[PDB]
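Just the one chain here, laid out as structure tokens, in the form deposited in one PDB entry.
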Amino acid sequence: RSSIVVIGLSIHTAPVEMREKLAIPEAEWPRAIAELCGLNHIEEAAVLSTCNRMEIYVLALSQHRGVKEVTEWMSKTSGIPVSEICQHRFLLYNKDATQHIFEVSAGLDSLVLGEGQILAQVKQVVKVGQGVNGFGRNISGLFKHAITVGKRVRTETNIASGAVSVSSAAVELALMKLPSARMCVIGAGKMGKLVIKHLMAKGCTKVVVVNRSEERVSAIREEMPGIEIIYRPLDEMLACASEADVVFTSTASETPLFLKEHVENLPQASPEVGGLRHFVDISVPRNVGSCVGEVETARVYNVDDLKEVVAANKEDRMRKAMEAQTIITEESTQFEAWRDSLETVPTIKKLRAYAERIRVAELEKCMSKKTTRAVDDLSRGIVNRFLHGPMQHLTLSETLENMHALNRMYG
């Protein structure tokens, strides 16, 4: 009866300036989930917060009321009015929802038509969620089965991770906008490391890397001997951007690192590269204020702006994204069977108790007329000899029909 619902904003609809207001740091996922499960028609929840999407997966008692509650909650936490959110809201139920989260995890819904993508993020959601009570059987199962799908599709389609494609796209765009340009990367985590790899493969031999800690950059430097990596601590940020022509920002900061004030005071980029400083900001929330675009000699790009790249062997238009959909169609119906095989739990318990109410009444009825252990045992023996059979019968399609039968034949 109860529905699994997906309720989201994605890059397919909402802009990054809208989407980043529903962004939920990993450290606040357990809090978010608890809040959602506090709503009257929501029993389980999970948040999938990535750069292309903010998606809330719930197990709702009522579809309509679940959607009203989660949407009102989105409005409260983000600051965004319900009316705006509804205009960009994405909504699917049950089979469509599991279908969706399978395509997302496989890389068949985001932005390039041949991508990872969210397999790493679906694993992170399962990790973080293990302690979280609200992350119950249904939604955890969905996500776990999404991990399975992600991996299968990955080996068939061989489609690179979403992290690989966004970083790849950042380098292509920078090289697109440029007519030796000085490269600078702020945030040496997974993504900035990827940006650096893509710059190397493009032939870049020197990059200045600004990071919170030096240790990460030390690792990367040790790991990539071929290129000259120059570490700079975060408080030297503004010096770096001024000695750079393009600035990649890839940090988990929840507030912009650059406002209009910071960049207008920066010396102009070299005329050799057109006199413009290209801020390529692949962070969500963004590390660059959109006001920076008011600065004449500056250019700002965010994840949404990687859409005018999307060019990398388009022949996977079918192959990858075709070989994968068959996987998705078989795993879905497999998962639905699995979901249906969960109501088998309330049945095993109940049926036992159903026979236990008959056993007790008849026992009691008899005892009003250690022979007492004899008849107690007789009453247990008859019942166990009737439960024992149905105990294992609760293939999976025959186990399912067994369950439905007991329910019809009893309660």
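Heads up: residue numbers just count along the shown sequence, starting at 1. The term rigid core refers to the most C-alpha atoms you can superpose between the two forms while keeping them within 1.5 Å.
Not on display, but discussed next: the form deposited in another entry.
When both forms sit on the same rigid core, the CA shifts between this form and the one not shown reach 2 angstroms or more only at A321 out of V300, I80, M237, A321.
Fitting the two forms on the rigid core leaves the C-alpha of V310 displaced by at least 2 angstroms between this form and the one not shown. Once both forms are fitted on their core, a CA shift of 2 Å or more is seen for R385 between this form and the one not shown. Core-superposed comparison between this form and the one not shown: the Cα of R357 travels 2 Å or more.
In summary, the C-alpha positions of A321 and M191 diverge in that other deposited form, ending up at least 3 angstroms farther from each other than in this conformation. Between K190 and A311, the Cα distance is greater in that other deposited form than in this structure, by no less than 3 angstroms.
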